[PDB]
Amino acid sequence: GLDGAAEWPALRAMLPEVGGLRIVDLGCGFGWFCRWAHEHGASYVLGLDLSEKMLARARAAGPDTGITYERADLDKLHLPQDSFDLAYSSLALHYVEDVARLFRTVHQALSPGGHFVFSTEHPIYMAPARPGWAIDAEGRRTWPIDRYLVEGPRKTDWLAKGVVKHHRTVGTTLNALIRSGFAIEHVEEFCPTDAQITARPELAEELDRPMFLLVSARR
């Protein structure tokens, strides 16, 4: 679960202290973060996902109190006003077409001083028409980029995953947060640590290009 996600420690480090907080998890999946937050003292956790079957597995995994799971479409998201101290989302917002609308919804749902911490696929990773590694004449591993400044839907994971992602530059994402009422708190283009690479050698290639953008914003 979380211990398998290379970017979890970096994203976890960006979170506020979760003890006593009211938290919403946007695109909670099996509820790995929901359970982590509850284990670390969250007063209340609302986990939202489109899949009823996945929410059924999340409920079954426990605990009996403090975590509520509800079916929701992040493209048509509604949240009660002034009801959360923290909004979290792992690798969901790159599938939302009107992300600015979602940001405004999260902003009104957060109490003053609350945070929104989320991960998305990095635009370097999402940009290319034919994403993948290239090995140059010298044997060096490279990541060819095209159309980085041409924003819009990308169908490069449509065949493999059945998803359309929305390519937006780092500036576009941050400007949308700012226009929505957030102050940018921390921005990280994920890089595994040398210790992570020693434990998981396959992470060495992640030094060449970022797969993920991690952002913390405050209202």
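Quick note: we count residues from 1 along the sequence shown, nothing fancier.
- Mean C-alpha B-factor is higher over 53-61 than over the other stretch, the pair under comparison being 24-32 and 53-61.
- Checked against the record, the higher mean CA B factor of 131-139 and 84-92 lies with 131-139.
- Among the modelled residues of the chain, residue 156 sits in the middle third by CA temperature factor in this PDB entry.
- For residue 193, the recorded CA B-factor ranks within the highest third of the chain. Only modelled residues enter the ranking.
- Among the modelled residues of its chain, residue 112 has a C-alpha B-factor that falls in the highest third according to the deposited record.
- In the PDB entry, residue 200 places in the highest third of its chain by CA B-factor.
- Compared with the other modelled residues of the chain, the Cα B-factor recorded for residue 217 ranks in the middle third.
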